[PDB]
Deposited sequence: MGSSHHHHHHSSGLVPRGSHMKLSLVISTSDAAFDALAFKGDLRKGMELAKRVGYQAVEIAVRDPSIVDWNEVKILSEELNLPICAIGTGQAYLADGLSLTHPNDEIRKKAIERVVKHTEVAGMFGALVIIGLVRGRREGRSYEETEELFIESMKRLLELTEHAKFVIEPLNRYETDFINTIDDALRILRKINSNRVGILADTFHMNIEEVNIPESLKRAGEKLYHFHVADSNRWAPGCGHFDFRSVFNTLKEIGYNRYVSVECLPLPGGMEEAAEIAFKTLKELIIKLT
């Protein structure tokens, strides 16, 4: 089981450097980044930087491609959906340089007045298209709470869709903040996810640094040990309390104590 830190960067080199150096200084084993459009960033420097600090990049976020450019893998407009798929393909090329996972969060899109079934099938089609367009890329579907989406809110929802995609290149990314709302019994949900649990995000009930809310992290980590989770636990929380740096330190401290 490894700890990583999600670092926020502008739409960049400055924020990345600072973030990675902070992660190294605190003790994180890896870092996780999030970029809207990767084609404008020079990843060769990124790799150099990474190699320099001996700090791997575990995953690449794609949420902004949706929040900023409105790209969706279930967009009703086919030309837009095609562009969404092509954008994610570029995310995988970046991920391939570091052997990282590609996060499929809000980029999957919402029902937008359509049935759950039509949305799901369109999503499955796009995912299959991505699996065709890329050879080794690995994707992780992140169930999000009801306020952020009406498509894939729970781990069980994700599992059912994974069975329809039928590929070990697609797994699940569970997030404690979102599970706090959507999951009935978190430990049991994780056990059902089992080996399909590819990545993990941590933040407290208020989305602050772990240890600053009331989320039960102990039970979570006991379950993760029980199922033999040997992948990444990435800190993805608001810069609270006291800012980005303090939050990272606090989160690392409480999580380390439990691992």
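In sequence order, what intervals of the deposited sequence carry no C-alpha positions? Residues missing from the model, as numbered along the full deposited sequence, span 1-20, 32-38, 287-290.
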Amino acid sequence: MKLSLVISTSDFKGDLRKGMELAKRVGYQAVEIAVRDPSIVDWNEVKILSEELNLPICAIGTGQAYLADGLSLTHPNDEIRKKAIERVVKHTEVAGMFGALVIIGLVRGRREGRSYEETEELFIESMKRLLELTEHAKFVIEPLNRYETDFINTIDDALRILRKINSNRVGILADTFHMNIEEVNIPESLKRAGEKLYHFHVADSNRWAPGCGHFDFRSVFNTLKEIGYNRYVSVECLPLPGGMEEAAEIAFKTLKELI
From here on, numbers count along this sequence of modelled residues.
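I need to verify one thing: averaged over C-alpha atoms only, is the B-factor higher for 185-193 or for 146-154? Of 146-154 and 185-193, the stretch with the higher C-alpha B-factor average is 185-193.
Would you determine, from the values in the PDB entry, which of 137-145 and 69-77 has the greater average C-alpha temperature factor? Taking the mean B-factor of the alpha carbons in each, 69-77 is higher.
Peak C-alpha temperature factor (PDB record), options 227, 60, 209, 55: Among 227, 60, 209, 55, the PDB entry lists the largest C-alpha B-factor for 55.
Among the modelled residues of its chain, does the C-alpha B-factor of residue 43 lie in the lowest, middle or highest third? Highest third - that is where residue 43 ends up once the chain's C-alpha B-factors are sorted.
Classify residue 244 as lowest, middle or highest third according to the C-alpha B-factor given in the PDB entry, relative to its own chain. Residue 244: CA B-factor falls in the highest third of its chain.
Name the third of the chain's ranked CA B-factors that contains residue 124, choosing lowest, middle or highest. Its C-alpha B-factor belongs to the middle third of this chain's values.
Ordered by C-alpha B-factor within the chain, which third holds residue 51? Give me lowest, middle or highest, please. Within its chain, residue 51 is a highest-third residue by C-alpha B-factor, going by the deposited values.
Consider only the C-alpha atoms of the modelled residues in this chain, order them by B-factor as the entry records it, and name the third containing residue 204: lowest, middle or highest. Lowest third of the chain for residue 204's C-alpha B-factor.
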